[PDB]
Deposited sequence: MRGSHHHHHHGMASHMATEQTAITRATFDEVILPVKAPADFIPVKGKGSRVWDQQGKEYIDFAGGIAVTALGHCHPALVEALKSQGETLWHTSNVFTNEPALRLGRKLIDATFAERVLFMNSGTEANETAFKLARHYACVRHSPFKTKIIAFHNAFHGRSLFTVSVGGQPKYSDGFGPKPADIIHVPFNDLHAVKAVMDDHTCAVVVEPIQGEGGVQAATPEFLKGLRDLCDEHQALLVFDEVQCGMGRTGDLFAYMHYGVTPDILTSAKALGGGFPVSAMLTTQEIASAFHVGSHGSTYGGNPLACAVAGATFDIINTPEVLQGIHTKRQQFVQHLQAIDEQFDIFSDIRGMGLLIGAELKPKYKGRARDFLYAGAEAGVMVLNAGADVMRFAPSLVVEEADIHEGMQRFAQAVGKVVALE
């Protein structure tokens, strides 16, 4: 990036020179309520005057309240809080392994994961991730992880057995080209996990906390996982994460564990806004506003082969002529004053605030059209 953001309000961001940008990136789907949302600032300041920190020896009122919100709203009966999606995934993957070890057999260790998956950058999580380029070169990887293609239920059936402890999947692969699970695939994972006494682990770090227009993507699909991870949007920009599971599974390790008081106070305020009928409905309204602009851009410039994703996770795949050039459009966008994402070198990605104003959708998309125009003019 060739600029330094210094200030943000809602979906507008200013750099050191006072240039104004429309933010359709959200810090990679993190600032789900935009920058410096008044309710989140209020929660930060109030808890900031009270108590910031407890060790995991203790609980605290913000953690208890956030845990109760998540438990009441989801399949979860137990919640463990951490800082990042990577830590939440470490916890989920360790827990699925440990549960298999103590409830079934120490030899029940296979983890099935998917090509193009992203689960974090720790050694274990990057090894469960499905991009060999990112996991190569750090010495011996944690073993017993098998990768098959996303959306290939037959391949999962083929590799799964009584020695399998988990299937780990992103219901929508965000980094991996914004690819959504098909209904049959996701239901199939649930059935195969039931058959083999393995745990189904949904990584909802990117697609959770309202991103799809349901509180969690699993709710859209109607497929209940055993363990779910959440981060990013959960804290609206404050680092916080959660691992959600049942009492039966968590017992392999009170309804909550961990949680920074400050982080959890902010996440509570974020949860209270995102988990409302009006905000969730609005995510679908706004998706259509974005998609209509992307279609208009494609009609004018002929650059997209597909527009996909769910809610306000949007992917627009570039036509073969522009394969490999997502970064060129990202940089042209920045020049035109709009912040966008890629999802690999072939895919444009958008992950704006879930409450992005219509006026900002229109302005940012006009700027993006200008960017596309400048690139295609060459």
Tell me, which runs of residues in the deposited sequence have no coordinates at all?
-> 1 to 38, 292 to 296, 422
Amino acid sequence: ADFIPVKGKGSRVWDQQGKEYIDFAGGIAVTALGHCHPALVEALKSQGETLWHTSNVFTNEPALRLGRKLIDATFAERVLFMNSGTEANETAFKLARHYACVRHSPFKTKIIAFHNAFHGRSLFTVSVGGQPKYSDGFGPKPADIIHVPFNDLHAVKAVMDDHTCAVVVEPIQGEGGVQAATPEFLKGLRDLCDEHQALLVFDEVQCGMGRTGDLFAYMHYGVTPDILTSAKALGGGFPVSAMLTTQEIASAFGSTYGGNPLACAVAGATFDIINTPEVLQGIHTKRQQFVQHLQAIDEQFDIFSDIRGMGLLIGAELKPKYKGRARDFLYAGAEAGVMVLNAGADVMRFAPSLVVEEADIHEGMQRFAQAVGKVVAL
From here on, numbers count along this sequence of modelled residues.
Do the C-alpha atoms of 300 to 308 or of 240 to 248 have the higher average B factor in the entry?
-> 300 to 308
Which of 340 to 348 and 29 to 37 has higher mean CA B factor, as the PDB entry lists it = 340 to 348
Within this chain, which third does the Cα B-factor at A113 fall in: lowest, middle or highest?
-> lowest
In terms of its chain's C-alpha B-factors, the third that includes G210 is the lowest
C-alpha B factor of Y134, ranked within the chain: lowest, middle or highest third?
-> highest
Check where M82 lands among this chain's C-alpha B-factors and tell me if it's the lowest, middle or highest third.
-> highest
Among the modelled residues of its chain, does the C-alpha B-factor of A359 lie in the lowest, middle or highest third?
-> highest
